[PDB]
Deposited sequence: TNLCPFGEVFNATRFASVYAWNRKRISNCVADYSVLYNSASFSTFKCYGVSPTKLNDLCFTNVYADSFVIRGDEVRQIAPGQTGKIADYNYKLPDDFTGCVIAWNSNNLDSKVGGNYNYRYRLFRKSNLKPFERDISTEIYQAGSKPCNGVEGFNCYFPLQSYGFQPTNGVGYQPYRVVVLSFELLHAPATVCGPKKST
C-alpha cells in the first residue's frame, strides 16, 4: 500500500503558518519518485540525507507539516535560520532530519481582490521552540501596563493577515510549503 502523499501535496486547501497542519504518516510504502520527478516543486533541497538516496532507507515516523507562506521567507524554513516565520511561526530544529517542498501557488491561493484567510504570527514574547504549534490569539502586550485583551496602544493582535494578490510580484506570491520530518514502518 502506498503512503498518502496525494492527500497532502495535491490537497484542495492548506492551513496558515501559525496553525501549521501536521499529519503523521506511517505503516505504508513512501514512494518519493513522484515527488522529486514531479517537475512542479520550485524549492526543494534535503538536509541530513540526499533526496535521491532517501528512497531506499526506512524510517519509523514521518510528519508532513504543511502551511502557506509568502515566497520571500521560504529561506526562513531551514535549520539554523533566524527571522520572523522561523522564530514566531514555525521553527525547525538544528538537527532537522527531513526536508522541505515549496512550490508556487499563485493560481490557487491568491484570489482576486486580495486573500486574507492566511495569517502569520507577528508579535510574540519569545521565539518558538522547534515544532511548536501556537494557536492562542490573545492581544499581545508590548509595554508595562497590561490592557486586559482590548485593542489599543501597545495592544497588538498578533496575527497579521497576508495580502495575497495576483498583481503581486514573484517574491510576494503565496507558496504552499510542505515540510517532511523523519525519525520502522515507513519504507520505500
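According to the record, the deposited residues with no C-alpha atom in the structure span 1, 185-189, 195-199.
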